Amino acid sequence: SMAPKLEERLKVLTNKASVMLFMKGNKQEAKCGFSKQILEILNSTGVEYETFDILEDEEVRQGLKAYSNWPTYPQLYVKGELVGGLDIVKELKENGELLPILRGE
C-alpha cells in the first residue's frame, strides 16, 4: 500500500551509488552507536560508497523501513538490494564474506 511516488523516490535513492548507506549522520559526523560503527567497518574495506542521513528526512526514514521491510538503521544497500545493518555487516566481515558482497557477488 506504499504510494507509487514514494516507491519511485526510494528506488532512486537506493540506487544513488553502487554502495549506499542509510544512517544516522554522515561520513564527517556519524551518530554514536550502530551508524558510527558501520561507517568505521565500511571505511576499513576501502570501497567507494555514499551515505544518506535518515535523521534529516523522516519520509525516507519511515518509508525505507516499509520499502525494505527492515525495522532499523543503519541500512546498507549494494546494487539496489538491502544487505542489512551493522550486525549483518560484522558477521560478513568475520566470515570473509563482506568484500565479495560489496562487489555484488
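So that there is no doubt, residue numbering starts at 1 and follows the sequence shown.
Higher mean CA temperature factor, per the PDB entry, when comparing 7 to 15 with 83 to 91: 7 to 15. In the PDB entry, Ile38 places in the lowest third of its chain by CA B-factor. Per the deposited record, the Cα B-factor of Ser68 falls in the middle third when ranked against the other modelled residues of its chain.
When the modelled residues of the chain are ordered by their C-alpha B factor, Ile54 lands in the middle third.
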